[PDB]
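Protein chains in written order, with PDB author numbering: chain A, 151 to 216; chain B, 151 to 216. Working notes, beginning with the structure itself.
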DNA sequence: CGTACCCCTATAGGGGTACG
DNA sequence: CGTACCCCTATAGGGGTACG
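Have a look at this one:
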């Protein structure tokens, strides 16, 4: 499970997720549609082999990735 | 925002959420139905003024509640 | 309090295609 | 890659009643 294997934008989303933001807020924050955010989210989840955004949030904090 | 304001069972749920577990898994781990888990989660969220289980997980880690 | 439902809407997520 | 949608099911959440 390596964070370097993610694309920049995927790391942008993971960071906002780890801060507790719902997809709609992440979209407004990055000024892109929720649709696009949701695409990055599932790509990130599959790559990192995580089952949900909460697991990604927890993982990011436990492993102090950011 | 104080963790002591929650009931014991609500802290039980909060801990499992901060470990990234979905409600169904929390029910099986605690040996209660998913319905009951959802009640505790709902109560916990309102009392702690959190908008989602993700904010609850992120809060627990940032403030090192547990 | 903790248990376990009911009702409903909102959010998330997993597959796909398409195109600068 | 990043964008933005399509499809769908799954999960989450907010209100309620009930009862030992």
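Don't be surprised by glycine CBs; every beta carbon is placed ideally from N, CA and C.
- Boundaries of the alpha helix (DSSP H) around residue 212 of chain B: 203–212.
- No Cβ of chain B is located within less than 9 angstroms of the beta carbon of residue 163 of chain A.
- In the DSSP annotation of this structure, the continuous segment of the alpha helix (DSSP H) that includes residue 179 of chain A starts and ends at 173–179.
- Under the 8 angstroms Cβ criterion, the stretch 165–173 of chain B does not count as touching the stretch 156–175 of chain A, having fewer than three qualifying pairs.
- Counted as a single uninterrupted DSSP element, the alpha helix (DSSP H) harbouring residue 186 of chain A occupies residues 184–198.
- In this structure residue 213 of chain B is exposed. Its beta-carbon is surrounded by fewer than 16 other beta-carbon atoms within 10 angstroms.
- Three or more beta-carbon pairs separated by less than 8 angstroms link the stretch 194–210 of chain A to the stretch 154–164 of chain A, which places the two stretches in contact.
- Taking the CA atoms as reference points, residue 177 of chain B sits about 18 angstroms from residue 202 of chain B.
- Our two residues, residue 158 of chain B and residue 188 of chain B, have alpha carbons roughly 15 angstroms apart in a direct line.
- The DSSP-derived three-state label of residue 152 of chain A is coil.
- Between the alpha carbons of residue 186 of chain A and residue 196 of chain A lies a distance of about 16 angstroms.
- Taking a Cβ-Cβ threshold of 8 angstroms, none of the residues of chain A is close to residue 158 of chain B; the smallest such distance is about 22 angstroms.
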